[PDB]
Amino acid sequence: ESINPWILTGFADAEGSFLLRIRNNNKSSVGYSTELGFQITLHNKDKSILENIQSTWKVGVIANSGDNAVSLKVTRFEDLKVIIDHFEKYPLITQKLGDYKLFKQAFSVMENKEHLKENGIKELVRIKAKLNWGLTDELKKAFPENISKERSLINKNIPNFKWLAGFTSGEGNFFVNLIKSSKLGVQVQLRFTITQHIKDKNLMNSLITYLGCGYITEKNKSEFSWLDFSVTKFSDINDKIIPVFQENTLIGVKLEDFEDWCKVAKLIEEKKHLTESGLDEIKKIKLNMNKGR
């Protein structure tokens, strides 16, 4: 099929990226050439998602990104109009909305060909200073007279379950937890999570009310921090999580892990997880999920 547009924006909120290149250049009149676009890089196993997007928007080029990943890149200027038309109708809701807004300001600058005149590049740099990781060291030297306005924090709520399915297609984990505990000796526990940096803590907190279950767990690694929304109560997983993605279909290989997750759920609901044979079946499903596929 071709990707539902709210799924697509949810996936883009999770995996997308806007780019603005401002390249030192001797062959350009202004001394710099530019390139603007939107891009997605995934593991090779989900090349299909990217092809589905390419054919859904009917723009963008696909290339390998190393030997284990592949990317969809859209920088052909005329084709950016399809990106904008899509994100005006179906807007992002994470902080990435801020990066989209800058992409859009840079689009105007180039639509008027202002990116050739010296003043035109000065505005692209001003814009670029607050996009993603901002200006390179080399760029701050070329333009130390730059002062750019502070960037508003985005705070937007989940628009609907389609957005959620696309976002969960990016950030979610459907997990079968096997706990030592032993007379049978293995408690089967389903876990659902969604992972996201603290910068979108508001959206992450809203998930408890949006889905009617779960809890936020704060996580750390070196100096970095982020958040998990987690559900571990079987009834909530069986009555609240599973129907949402049944009605609102995941994409990529992660749909297969969801489908296996649902097989284990059916077995827990039938108490087969408390029998030896059912336990064995669950181990086999777990074996071939996620990293084991």
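Quick note: we count residues from 1 along the sequence shown, nothing fancier.
Counting the unmodelled positions of the deposited sequence between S181 and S182 gives a small gap of 1 to 3 residues. Look at the C-alpha B-factors of 124-132 and of 171-179. On average they run higher in 124-132. The stretch 21-29 shows the higher mean C-alpha B-factor when 281-289 is compared against 21-29 in the entry. Looking at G98, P91, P159, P144, the one whose CA carries the top B-factor in the deposited record is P144.
Note on the listed residues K81, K219, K199, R191: the highest Cα temperature factor in the record is that of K81. The PDB entry assigns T195 a C-alpha temperature factor belonging to the lowest third of its chain's modelled residues.
Among all modelled residues in its chain, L102 ranks in the middle third by Cα B-factor. In the PDB entry, a CA B factor belonging to the lowest third of its chain's modelled residues is recorded for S206. Ranked within its chain, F77 lands in the highest third, by CA B factor from the PDB record. Among the modelled residues of the chain, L227 sits in the lowest third by CA temperature factor in this PDB entry.
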